[PDB]
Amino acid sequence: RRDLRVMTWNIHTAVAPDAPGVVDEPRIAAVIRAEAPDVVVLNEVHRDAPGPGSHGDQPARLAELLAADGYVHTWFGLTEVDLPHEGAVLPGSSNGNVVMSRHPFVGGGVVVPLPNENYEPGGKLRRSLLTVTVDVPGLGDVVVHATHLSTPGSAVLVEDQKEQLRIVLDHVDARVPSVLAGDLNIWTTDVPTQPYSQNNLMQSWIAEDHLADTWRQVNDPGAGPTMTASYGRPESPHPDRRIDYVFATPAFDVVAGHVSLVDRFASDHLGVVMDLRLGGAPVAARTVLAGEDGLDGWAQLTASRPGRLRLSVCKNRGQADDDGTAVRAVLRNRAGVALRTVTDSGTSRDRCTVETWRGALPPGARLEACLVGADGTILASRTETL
């Protein structure tokens, strides 16, 4: 069978917001055990030598706690050494991203450093990408990319987020089944209180690279903020604080997903648990961005055997308030006749519009993505032949 459950979680070094000063790997492990993912990506896992505030060897402890549950394949991808602990640099400390899996790796993990040149020219490394292939029974090889980007704490940090993301995306091959997961530290849309926010731009790059935001395919983004403290708060900006993601390549369909509420106060982030299903090899995958500068959303078309078509259309505009605009995708024949139209309205807090049907792309077909005004006027249009 073709199901895959993928979880991502920033575990805050297993220190719970409801119990400061206690390192509690069992609480983290119990949530993972209950969610029973095939593969889990963890951020903020330390591997520290002894000293004031040390977290010890967290990957080894998590592996010990989860071995009997089948998570016997683990990889730690170093991101940073010698971090402040309790107000002082702790020698021999380190942070990593971790992949844990019930299924064996093919080869080993590879770590790619991600720069912070704008924040600190010539400074220490702080962020990295971990890539490892997992051989999943029934599916075959799935490439897992695990990362954690800088926080958007300033204009220079956002410039670093952009450079980090470029490198991450250039390491994803959408031609093979892959997932990209972790704390990307970006909303899907520009933060209105930050003039230097460039989230719409970054999301357009991810979509151009044939990656689908899996949560947004099946759920309202506004129902899944991933900061624990934001969960359950309808007031702005809380429903927008979804910053932990699972992205998937076109071969995957998204079945369902949820934020983990087994023990919500175990970390200051919520775990994101996605149920995916691997289809056949895509025969075509194309993204057309929407809006005059390609910043208002997108349409992603996937064709696969036998004769299946999928169109995922996303309006990536607005937070609390719907301006009445819509993103519309039209599949047209060579004559320009509409074969199918799929539209997404609402705001970035609302689920994307995904349609799947039986059909074949005729020769000379093209895909159009438009931004449509509230009055029905076409504000922008972009078309690409297939």
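Residue numbers here begin at 1 and follow the sequence given.
Between the stretches 274-282 and 294-302, it is 274-282 that shows the larger average CA temperature factor.
Comparing the deposited coordinates for 29-37 and 46-54, the stretch with the larger average C-alpha B-factor is 46-54. You'll see in the entry that, of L83, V313, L157, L289, the Cα B factor peaks at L83.
Looking only at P225, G77, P91, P177, the residue with the top Cα B factor in the deposited structure is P91. When the modelled residues of the chain are ordered by their C-alpha B factor, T377 lands in the highest third.
Sorting the modelled residues of the chain by their CA temperature factor places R351 in the middle third.
Among the modelled residues of its chain, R216 has a C-alpha B-factor that falls in the lowest third according to the deposited record. Remark: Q161 belongs to the lowest third of its chain, ranked by C-alpha B-factor as recorded. Split the chain's modelled residues into thirds by C-alpha temperature factor. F105 is in the middle one.
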